[PDB]
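Residue numbers (the entry's author numbering), protein chains in the order written: chain F, 522 to 538, 568 to 663; chain A, 521 to 547, 568 to 659; chain B, 521 to 547, 568 to 656; chain G, 34 to 56, 66 to 141, 150 to 185, 188 to 309, 312 to 321, 321A, 322 to 397, 411 to 504; chain C, 33 to 58, 65 to 141, 150 to 185, 188 to 309, 312 to 321, 321A, 322 to 397, 411 to 504. Built from N, CA and C at the ideal position, the CB exists for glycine as well.
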Amino acid sequence: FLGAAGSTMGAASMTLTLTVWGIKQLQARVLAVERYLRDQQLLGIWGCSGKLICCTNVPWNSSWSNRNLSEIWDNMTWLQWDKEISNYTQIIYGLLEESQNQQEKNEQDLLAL
Amino acid sequence: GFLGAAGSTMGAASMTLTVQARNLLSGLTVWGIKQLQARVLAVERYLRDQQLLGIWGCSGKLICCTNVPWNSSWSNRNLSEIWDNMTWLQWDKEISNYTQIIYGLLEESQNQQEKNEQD
Amino acid sequence: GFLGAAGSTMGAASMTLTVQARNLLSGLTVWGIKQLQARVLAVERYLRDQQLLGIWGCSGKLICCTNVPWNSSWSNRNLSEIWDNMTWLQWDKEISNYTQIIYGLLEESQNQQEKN
Amino acid sequence: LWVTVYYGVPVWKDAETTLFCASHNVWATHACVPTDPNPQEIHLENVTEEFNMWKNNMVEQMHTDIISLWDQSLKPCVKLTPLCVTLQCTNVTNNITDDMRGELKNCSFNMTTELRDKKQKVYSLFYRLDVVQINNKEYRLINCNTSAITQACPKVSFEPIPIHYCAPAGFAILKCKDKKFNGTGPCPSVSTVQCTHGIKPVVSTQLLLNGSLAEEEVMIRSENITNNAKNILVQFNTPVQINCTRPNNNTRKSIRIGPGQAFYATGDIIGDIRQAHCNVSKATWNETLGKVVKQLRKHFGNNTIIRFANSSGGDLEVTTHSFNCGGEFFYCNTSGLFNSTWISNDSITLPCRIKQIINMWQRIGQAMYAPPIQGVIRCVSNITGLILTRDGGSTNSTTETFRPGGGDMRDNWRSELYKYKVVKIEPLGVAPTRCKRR
Amino acid sequence: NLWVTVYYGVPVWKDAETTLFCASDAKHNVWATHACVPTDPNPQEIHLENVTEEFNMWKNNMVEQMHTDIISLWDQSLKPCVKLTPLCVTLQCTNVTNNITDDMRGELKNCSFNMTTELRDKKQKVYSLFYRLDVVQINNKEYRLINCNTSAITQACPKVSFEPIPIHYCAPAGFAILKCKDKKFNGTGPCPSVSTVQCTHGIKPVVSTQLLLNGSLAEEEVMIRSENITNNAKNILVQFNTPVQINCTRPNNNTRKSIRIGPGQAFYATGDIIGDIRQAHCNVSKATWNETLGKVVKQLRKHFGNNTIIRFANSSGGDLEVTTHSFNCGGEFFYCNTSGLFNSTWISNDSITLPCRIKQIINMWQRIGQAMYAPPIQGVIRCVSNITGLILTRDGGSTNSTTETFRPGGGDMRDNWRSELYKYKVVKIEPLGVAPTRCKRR
Ligand SMILES: *[C@@H]1O[C@H](CO)[C@@H](O[C@@H]2O[C@H](CO)[C@@H](O[C@@H]3O[C@H](CO)[C@@H](O)[C@H](O[C@H]4O[C@H](CO)[C@@H](O)[C@H](O)[C@@H]4O)[C@@H]3O)[C@H](O)[C@H]2NC(C)=O)[C@H](O)[C@H]1NC(C)=O
Ligand SMILES: *[C@@H]1O[C@H](CO)[C@@H](O[C@@H]2O[C@H](CO)[C@@H](O[C@@H]3O[C@H](CO)[C@@H](O)[C@H](O[C@H]4O[C@H](CO)[C@@H](O)[C@H](O)[C@@H]4O)[C@@H]3O)[C@H](O)[C@H]2NC(C)=O)[C@H](O)[C@H]1NC(C)=O
Ligand SMILES: *[C@@H]1O[C@H](CO)[C@@H](O[C@@H]2O[C@H](CO)[C@@H](O)[C@H](O)[C@H]2NC(C)=O)[C@H](O)[C@H]1NC(C)=O
Ligand SMILES: *[C@@H]1O[C@H](CO)[C@@H](O[C@@H]2O[C@H](CO)[C@@H](O)[C@H](O)[C@H]2NC(C)=O)[C@H](O)[C@H]1NC(C)=O
Ligand SMILES: *[C@@H]1O[C@H](CO)[C@@H](O[C@@H]2O[C@H](CO)[C@@H](O)[C@H](O)[C@H]2NC(C)=O)[C@H](O)[C@H]1NC(C)=O
Ligand SMILES: *[C@@H]1O[C@H](CO)[C@@H](O[C@@H]2O[C@H](CO)[C@@H](O)[C@H](O)[C@H]2NC(C)=O)[C@H](O)[C@H]1NC(C)=O
Ligand SMILES: *[C@@H]1O[C@H](CO)[C@@H](O[C@@H]2O[C@H](CO)[C@@H](O)[C@H](O)[C@H]2NC(C)=O)[C@H](O)[C@H]1NC(C)=O
Ligand SMILES: *[C@@H]1O[C@H](CO)[C@@H](O[C@@H]2O[C@H](CO)[C@@H](O)[C@H](O)[C@H]2NC(C)=O)[C@H](O)[C@H]1NC(C)=O
Ligand SMILES: *[C@@H]1O[C@H](CO)[C@@H](O[C@@H]2O[C@H](CO)[C@@H](O)[C@H](O)[C@H]2NC(C)=O)[C@H](O)[C@H]1NC(C)=O
Ligand SMILES: *[C@@H]1O[C@H](CO)[C@@H](O[C@@H]2O[C@H](CO)[C@@H](O)[C@H](O)[C@H]2NC(C)=O)[C@H](O)[C@H]1NC(C)=O
Ligand SMILES: *[C@@H]1O[C@H](CO)[C@@H](O)[C@H](O)[C@H]1NC(C)=O
Ligand SMILES: *[C@@H]1O[C@H](CO)[C@@H](O)[C@H](O)[C@H]1NC(C)=O
Ligand SMILES: *[C@@H]1O[C@H](CO)[C@@H](O)[C@H](O)[C@H]1NC(C)=O
Ligand SMILES: *[C@@H]1O[C@H](CO)[C@@H](O)[C@H](O)[C@H]1NC(C)=O
Ligand SMILES: *[C@@H]1O[C@H](CO)[C@@H](O)[C@H](O)[C@H]1NC(C)=O
Ligand SMILES: *[C@@H]1O[C@H](CO)[C@@H](O)[C@H](O)[C@H]1NC(C)=O
Ligand SMILES: *[C@@H]1O[C@H](CO)[C@@H](O)[C@H](O)[C@H]1NC(C)=O
Ligand SMILES: *[C@@H]1O[C@H](CO)[C@@H](O)[C@H](O)[C@H]1NC(C)=O
Ligand SMILES: *[C@@H]1O[C@H](CO)[C@@H](O)[C@H](O)[C@H]1NC(C)=O
Ligand SMILES: *[C@@H]1O[C@H](CO)[C@@H](O)[C@H](O)[C@H]1NC(C)=O
Ligand SMILES: *[C@@H]1O[C@H](CO)[C@@H](O)[C@H](O)[C@H]1NC(C)=O
Ligand SMILES: *[C@@H]1O[C@H](CO)[C@@H](O)[C@H](O)[C@H]1NC(C)=O
Ligand SMILES: *[C@@H]1O[C@H](CO)[C@@H](O)[C@H](O)[C@H]1NC(C)=O
Ligand SMILES: *[C@@H]1O[C@H](CO)[C@@H](O)[C@H](O)[C@H]1NC(C)=O
Ligand SMILES: *[C@@H]1O[C@H](CO)[C@@H](O)[C@H](O)[C@H]1NC(C)=O
Ligand SMILES: *[C@@H]1O[C@H](CO)[C@@H](O)[C@H](O)[C@H]1NC(C)=O
Ligand SMILES: *[C@@H]1O[C@H](CO)[C@@H](O)[C@H](O)[C@H]1NC(C)=O
Ligand SMILES: *[C@@H]1O[C@H](CO)[C@@H](O)[C@H](O)[C@H]1NC(C)=O
Ligand SMILES: *[C@@H]1O[C@H](CO)[C@@H](O)[C@H](O)[C@H]1NC(C)=O
Ligand SMILES: *[C@@H]1O[C@H](CO)[C@@H](O)[C@H](O)[C@H]1NC(C)=O
């Protein structure tokens, strides 16, 4: 649990696997359920459900980050990477959703004939 | 944005499913308890819809194709006046009568498919 | 209806999985939190069962087929009278002790079937 | 053979959970969830379930809920803290009968007003069981050294309302449909239900009233029939009608004891005063006791002499048949019922007494004052059961004595929750099959 | 051949009733805006083209929710405060005649009484200034408070403010708020211009009668709205185009005294006024009121006839809350006589002064058994407000009546917030749909 926080990105990619107290317990339970469901739904709408590493169909725009693959997976940590592309997360998230919807429509069209 | 394609045709609004999909889960005092039951209710409604989708074989999909033929007694309009001359809000008012029949048909069909595939 | 095939054999009870799989999710005063905590507990139990199914790679299915062999040390009965002269209530009592270890096996094989 | 996973198997285990309702009054049936108009019930074929009447958690939950509802209904009512004063009391005369000499007392005292400066001088009629004499004479209220009385709000009604207890999602209620079930052991005929039937929380002692009747024969139940420390519950084949009345024409006075607080006192009876009582039939009771004796001899031989004697010892609630007839709390003497011996038209009248300061649920520290009810009161009810106890007659006792008991209200609702149990559904199973994953 | 196809996320909705929560802009206030979740800096409103919805102003669950929430907050904010039970005693009152004017004689009483101390066996003799509306004579003369035979008073906590704060009403997940953007909508029927929002705009819970203050204004025309216009038992809500400024003042220079009536229990009495004594009053402009009344008459002539003459009159009968314009200048409760406003007839610089009175024992929400004592406010007070609407009532003139008479109304605060929630409705999302397609599952 959080054991690869100081390793490179590539190394970490291999290991991704009432009363006062009674009121406080219930809020924690609700928060945990909410977070789990939100993450599962976000993964699902991208077509990445059931996977830990998922390949998408959206090309990488060089304006998000112009570094080479050698100084990303062998020179940074995920905490360092998160600081760079934090401004572009929602753009990529919308692009993934549009791409998956197009795939659904294309599959329907293929089954139509 | 959200519900922006509410007046668009059934074909043009079928490409905006993900917009409405994500705005369904997160999108002691007087104000204290009015906020917790809201969260629990949203979670239960989302889970009920997800289970309904899952027991039809359409789990984790936005558009899903079924083996149930379209009974003409439900509606007789051709496809040229459904996906191009109608809206989902206008389409629901017509077929609101026959929804549960279709739901039962889908459930039985998916269960039969699983039963004969495992055999 | 609900729990209708309780006394019916294991073969005939496999055709009614949805009638019970559907009723596991729906049905500050004295009756204030007795409702809320029960609702949260039901949600948590349903979610836990869903994750347990997902671990073995059976998420989304009612009947799931697995590659783990049935060791001849849990039940020596043959596959004739089990599905024709027995019920789920009687079956659960016999193999209740060997369940937890099987839940291990059912997991591991799955990842191997992905690793291969 | 290979392991195959099924989700949706019909398996269950014994469990324990909190059940909710399905239904001005003490029991807030308007806040409990609405009842389904269609009773849903599934008969279960070729299954037998073991039941235990004497270890049902539904009884404990019902007890706790009834007590909590009682406590909650008493919060917004008037607190009679200025009532604990010295009272000057005199005997009541002027057309009182022989059997009512010394039961009513005319007590005068000083009382607070709506203004903090001045006091009034008022009077009221009290029952002898409510006042303790301290050194005409001077008295005080019986509860002024143990608790603080709260005046029951006069608008609420004490009449019980049927309540249905429902199980949450993932839980089921199983019912034993056997008509000769004795509450413990296997049950062949089983069904599953959503909610229990309409159960009225009727509070009484020594006698079960307004309940349910046995279908074919009188039922006799106990945790250990050969142990004398266990109460014996008897369920009737047919009910016995009982007529209870208090023939006094009362009045109610209102006294302003504070800025917004009123005390409801007793005025003067318009007319003659007489004793409250209850009537039962004689032939019907004789036949019912004969049936109970016939069903009792299956455990104590066919040659033992079976005799019924009255109670012995304890507080007024335990030694008397105590109930509540339309707002007024009755305590009746039942020595004309349990007085007989059985070897190998007219009426029976039970004289009753009335109280107004009530300690419910066997609690010390909380009391309630019941305001007087105007006019005459009358109510008709069904006896549908008994609660007996057996004394330990040793030294070669060929005779058995059964005397009425009670006092603990859990045995009252244990006689209505005895064919019910709560189970948890376990929907995931594994089985050997002749197929394999590809 | 056609087959059923399932779509998840379709834009469909239905009518629903749900629990809406509160949002306020990011401390002691009656409506606990500090416990409300913060509001986003810019709202997300989505205009919905090609869709027409149906609205009804008079069956809206938001009004009932707002009423219940306001009453609950009011009750919750009064629990930890001082119970004035020992104040129900016999008072010895005399008339106040010291630098007073002839229009304010007999309205103030100087009352002396005996009071409890911090020590359970001691008494004190104290005095206070009371209003004539708060004391009843019993048999100088002796008096008592207005409430000693009906209820028990609770002193308002003096650190709690009565000023309204804007409130936003938000919907849970799976719900939306439809907002009508038409200009000539009377609040009933089809609205051909709709948007969707997550929270309503800022609404101030102002409690007043006969006059709506600090509200919202109509954009093009003066709007007359009634549930059943031909029924004379229904109130008429009038919404203005431009506001009318009203200036209200209580000129007395009040002094506050603290009397210790128990261990850690204080009673805030009124001392002596420093200076002269004068009547509280409000001022409106005459020309602006005449313009507004002419516009109201012109817009009311579209419902009753081309030629009918329209006249206004003052209220008639009822308790002082409903026969007068009742409001609150930040701590002090005013009851003003609006008789020079509704006095005119119409056929087809200067100021108007409204004398007001002050009460100190308040029964809110038309309830009985729970009264409240408002502690005096130190110094001169002055609040400036906008009139933005009216609540009217029509007389049932039969027998060939060519004249229609309108009189001010009010008393029920559901109509005060019905005028702010008239363009909003709450809808529930149904994201599951089934449609026919040639596609077949393989
Ligand atoms: C066993 O069940 C029987 C039958 O239900 C029951 O007898 C009933 O008792 C109730 C309550 O005492 C009686 O109802 C009253 O009857 C008369 C006539 O209506 C009135 O005195 C009462 O109305 C006044 O009081 C009400 C109190 O809430 C007020 O709401 C109302 O406005 C009136 O002021 C009240 O209706 C009922 O008549 C009898 N029924 C019969 C057939 O006798 C009996 O009490 C139960 N036994 C036990 C032990 O609980
Ligand atoms: C309609 O809106 C107008 C404009 O907002 C509003 O008038 C405002 O009233 C409030 C409340 O009386 C005024 O605020 C007060 O003004 C002065 C100077 O600041 C002081 O008396 C007050 O401060 C004291 O009181 C506070 C009470 O909470 C204490 O917290 C504070 O520490 C001080 O003791 C207070 O600030 C405000 O100035 C006026 N605004 C104008 C422009 O006149 C009017 O009341 C609204 N109408 C209705 C009917 O609600
Ligand atoms: C209870 O005692 C009171 C007095 O304490 C009796 O009421 C008085 O009766 C006399 C005789 O008729 C009247 O002259 C008085 O006016 C009555 N009132 C008072 C306040 O003294 C009352 O009759 C007695 N009641 C009973 C049942 O004996
Ligand atoms: C209980 O039974 C007694 C005895 O039968 C009843 O008392 C009789 O009442 C009638 C009028 O109803 C009188 O004419 C008789 O004189 C009474 N008999 C006696 C011996 O006093 C009494 O009314 C019955 N009460 C009820 C509630 O049924
Ligand atoms: C219940 O009633 C019986 C009689 O039915 C009472 O027993 C009588 O008590 C009196 C004194 O009150 C004695 O003089 C009699 O001899 C007793 N009679 C019999 C037949 O034994 C009994 O006391 C009553 N119970 C009470 C009052 O608690
Ligand atoms: C209200 O009455 C009080 C007394 O009850 C007045 O206060 C007194 O005023 C006189 C005359 O100036 C002084 O001699 C006393 O010392 C004051 N105090 C007391 C406790 O007697 C007060 O002036 C009156 N107020 C008004 C407005 O008339
Ligand atoms: C509390 O006292 C007030 C004031 O005396 C009462 O109001 C009077 O009620 C009587 C009832 O007969 C009327 O005739 C008077 O006209 C009322 N006076 C005023 C000034 O309104 C009030 O009724 C009392 N309340 C209660 C609950 O007793
Ligand atoms: C009362 O009405 C006046 C006049 O319309 C409003 O004052 C305007 O406020 C806006 C918003 O701040 C300013 O842009 C305008 O310039 C103001 N107008 C004038 C003429 O000064 C005022 O906001 C209204 N509301 C209240 C609560 O006073
Ligand atoms: C309300 O209007 C009245 C009348 O115009 C104002 O009273 C005048 O006040 C001025 C000082 O501001 C005095 O010089 C005048 O003598 C007063 N006139 C009268 C007839 O008494 C009053 O000030 C206004 N009040 C407010 C709050 O605006
Ligand atoms: C409101 O004020 C008006 C005047 O502005 C009052 O009407 C006057 O009442 C007095 C007696 O109070 C009469 O002498 C006058 O003749 C009335 N004037 C007119 C023009 O009719 C009215 O009574 C006040 N409303 C109240 C006090 O409730
Ligand atoms: C991200 O946005 C923030 C806020 O505007 C800005 O300060 C920061 O420089 C941005 N970073 C990049 C890499 O664009
Ligand atoms: C509204 O309808 C018009 C006319 O049919 C169409 O051109 C337009 O795209 C529609 N707009 C939306 C948002 O659906
Ligand atoms: C008065 O009451 C007392 C106390 O119960 C009783 O013993 C006595 O007999 C009565 N005497 C008279 C004369 O009423
Ligand atoms: C009531 O007060 C009076 C007057 O002080 C006194 O004589 C009497 O003893 C008091 N008590 C009573 C009547 O019980
Ligand atoms: C209260 O008084 C009664 C009557 O004298 C007495 O029996 C009882 O013991 C007292 N209770 C307590 C708790 O002192
Ligand atoms: C109830 O019957 C069972 C057998 O079904 C028996 O074991 C038990 O003792 C009986 N209970 C009695 C007689 O109280
Ligand atoms: C009492 O018994 C009678 C006769 O059997 C029956 O009609 C009635 O329903 C029973 N219950 C009550 C509450 O009266
Ligand atoms: C029942 O009571 C008898 C007599 O006391 C005792 O010997 C026996 O063990 C009891 N039975 C059970 C099952 O406890
Ligand atoms: C009780 O007395 C009152 C007053 O005289 C009378 O109206 C009423 O009928 C009486 N009640 C009876 C006789 O049941
Ligand atoms: C009880 O009263 C009813 C009428 O209410 C009467 O028919 C019946 O005979 C009475 N029963 C007895 C035992 O007196
Ligand atoms: C029981 O009856 C006996 C004999 O008549 C009597 O002494 C005793 O007081 C009675 N007890 C009760 C509780 O009725
Ligand atoms: C008990 O029964 C006996 C025998 O008939 C009788 O003498 C006695 O009076 C009865 N006791 C009562 C009715 O209290
Ligand atoms: C206060 O108490 C005194 C002394 O008892 C008394 O004379 C006076 O009337 C009481 N009331 C007042 C001052 O209102
Ligand atoms: C509001 O306008 C509609 C037309 O959109 C009309 O039907 C309705 O009667 C009007 N309401 C009134 C005049 O109160
Ligand atoms: C009120 O009186 C106080 C105390 O003398 C003074 O400071 C203040 O200025 C006065 N307020 C006025 C005259 O408005
Ligand atoms: C109200 O007071 C303001 C200043 O606060 C002034 O400009 C305005 O003219 C006044 N209005 C009236 C109607 O007196
Ligand atoms: C208001 O206008 C009307 C209509 O012109 C006029 O009769 C009346 O005098 C005016 N009121 C004024 C100027 O106060
Ligand atoms: C009333 O007269 C006005 C004058 O502008 C006119 O516009 C309106 O149409 C008339 N109302 C009718 C004809 O109903
Ligand atoms: C209304 O005005 C009339 C006449 O001016 C007056 O007598 C009456 O008291 C007034 N009513 C109110 C409630 O102000
Ligand atoms: C109402 O208006 C009339 C006509 O101008 C006037 O005589 C009367 O005094 C007014 N009433 C008021 C201001 O109360």
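How many whole angstroms separate the CB atoms of G:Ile420 and G:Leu390, which I take to be in contact at a CB cut-off of 8 angstroms?
The count along the fourth sequence starts at 1 and reaches residue 420 of chain G at position 354. The count along the fourth sequence starts at 1 and reaches residue 390 of chain G at position 337. Actually they are not in contact, since the Cβ atoms of G:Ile420 and G:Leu390 sit about 20 angstroms apart, beyond 8 angstroms.
Taking G:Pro313 as the reference, give the member of C:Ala200, C:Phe468, C:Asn289 with the closest Cα.
In the fourth sequence, residue 313 of chain G corresponds to position 259, counting from 1. G:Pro313 has its Cα closest to that of C:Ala200, out of C:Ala200, C:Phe468, C:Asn289.
Quick one: does the C-beta of C:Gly389 sit closer than 8 angstroms to a heavy atom of ligand 30?
Working through the fifth sequence from its first residue, we reach residue 389 of chain C at position 340. Checking the Cβ of C:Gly389 against ligand 30 gives yes.
Among the residues of its own chain, which have a CB less than 8 angstroms from the CB of B:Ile603, if the five just before and after it don't count?
Looking up residue 603 of chain B in the third sequence gives position 63. Once the five neighbours on either side are set aside, the close Cβ partners of B:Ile603 are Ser534, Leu537.
Host alpha helix (DSSP H) of G:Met271 (start-end)
Against the fourth sequence, residue 271 of chain G aligns to sequence position 219. Unbroken run through G:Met271 is the beta strand (DSSP E), 271-273; no alpha helix (DSSP H).
With C-beta atoms as the reference, is B:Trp623 less than 9 angstroms away from B:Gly524?
Here residue 623 of chain B is taken as the residue at index 83 of the third sequence, counted from 1. Here residue 524 of chain B is taken as the residue at index 4 of the third sequence, counted from 1. Not in contact: B:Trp623 and B:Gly524 (Cβ atoms no closer than 9 angstroms).
Quick check: does the Cβ of C:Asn185 come within less than 8 angstroms of any heavy atom belonging to ligand 26?
Position 139 of the fifth sequence, counting from 1, holds the residue named residue 185 of chain C. No, the Cβ of C:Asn185 stays beyond 8 angstroms of every heavy atom of ligand 26.
Given 8 angstroms as the limit, is there contact between the stretch 446-455 of chain C and the stretch 205-224 of chain C, that is, 3 or more CB pairs closer than that?
no
Just the C-alpha distance for C:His85 and C:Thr244, rounded to the nearest angstrom, thanks.
Numbered from 1 along the fifth sequence, position 47 holds the residue referred to as residue 85 of chain C. Numbered from 1 along the fifth sequence, position 196 holds the residue referred to as residue 244 of chain C. C:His85 and C:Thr244: Cα-Cα distance of roughly 7 angstroms.
How would you write the range of the alpha helix (DSSP H) that B:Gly644 sits in, first residue to last?
Looking up residue 644 of chain B in the third sequence gives position 104. Run containing B:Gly644: 639-655, per the alpha helix (DSSP H) assignment.
Any C-beta of chain G under 9 angstroms from that of B:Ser613:
Taking the first residue of the third sequence as 1, we reach residue 613 of chain B at position 73. So, not an interface residue.
Measure the Cβ-Cβ separation of residue 58 of chain G and G:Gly321 and say whether it is below 9 angstroms.
Examination of chain G shows a numbering gap from 56 to 66; residue 58 of chain G is inside it and therefore has no coordinates.
Closer than 8 angstroms: F:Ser612 CB and nearest ligand 11 heavy atom
Here residue 612 of chain F is taken as the residue at index 62 of the first sequence, counted from 1. Result no, Cβ not under 8 angstroms from ligand 11.
CA-to-CA distance, C:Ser274 to C:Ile439, given in whole angstroms
Taking the fifth sequence and counting its residues from 1, one reaches residue 439 of chain C at position 377. Taking the fifth sequence and counting its residues from 1, one reaches residue 274 of chain C at position 226. C-alpha separation (whole angstroms): 39 angstroms.
Can you give me the C-alpha to C-alpha distance between B:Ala541 and F:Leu587, rounded to a whole angstrom?
Working through the third sequence from its first residue, we reach residue 541 of chain B at position 21. Working through the first sequence from its first residue, we reach residue 587 of chain F at position 37. About 20 angstroms.
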